[PDB]
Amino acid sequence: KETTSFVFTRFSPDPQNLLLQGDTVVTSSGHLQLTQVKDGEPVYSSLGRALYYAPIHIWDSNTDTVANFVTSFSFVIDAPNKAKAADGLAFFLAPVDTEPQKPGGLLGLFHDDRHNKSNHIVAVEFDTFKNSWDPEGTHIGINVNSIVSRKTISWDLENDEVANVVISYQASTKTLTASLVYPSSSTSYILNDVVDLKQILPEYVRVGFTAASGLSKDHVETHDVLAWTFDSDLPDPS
């Protein structure tokens, strides 16, 4: 049996147990600021990610066991103009050596918009901009090896309000669940889908966040994570 967990109720600057990639900083107020902010305003064509430093053991090929995990986080997206919000934020699992990919609507996760098993990405996206591959309206998606989501639901962005997310994986039913709640307006969202982690991901992964502002100057938003817990449990064989 192997477990990993961590809790950040706020972030400290220069976090040596986080791998910050692209534009990501920790602010002095303790937020994980994924996309760049200049003179109080979001900057376009910005891409940031943040990963927990230690690899997570999510499945074992010797014993053929798969881990459960649950993560929670709070985030804020602030678009100066809501109709021109872009591009979004995602929580993801990826190979240990993962590096930022294309900015914009590919969210730093993929180098193109195709399906490809060699990506080894599972992600939950909070997608604020309609690209050619997206359904109509802002949405939450479960993504496996592609920016084109396996399943989506409608989600109305509440601008500059705190969103509380929980994402969990139940290995016995191969089910990934993702929920978002806005306590300020009592609005909530949920979806789940079958995802087989053993087929998709390597035995060890890194986990974290990615976000991207839009590729034109008028399509911008901030993406701040305020807090983050993670728990995984790789059980004994059964």
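Position 1 is the first residue in the sequence shown; the rest follow in order.
The mean Cα B-factor in the deposited entry runs higher for 36 to 44 than for the other of 184 to 192 and 36 to 44. In this entry, the higher average B-factor at the C-alpha atoms falls on 60 to 68, of the pair 166 to 174 and 60 to 68. Highest C-alpha temperature factor among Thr98, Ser74, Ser146, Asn81, as the PDB entry reports it: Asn81.
Ranked against the other modelled residues of its chain, the C-alpha B-factor of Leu197 as given in the entry falls in the highest third. Ranked by C-alpha B-factor against the other modelled residues of its chain, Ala227 falls in the lowest third. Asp112: CA B factor in the highest third of modelled residues in this chain (values from the PDB entry). Among the modelled residues of its chain, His139 has a C-alpha B-factor that falls in the lowest third, as given in the PDB entry. Looking at the C-alpha B-factors along this chain, the one for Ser179 belongs to the lowest third.
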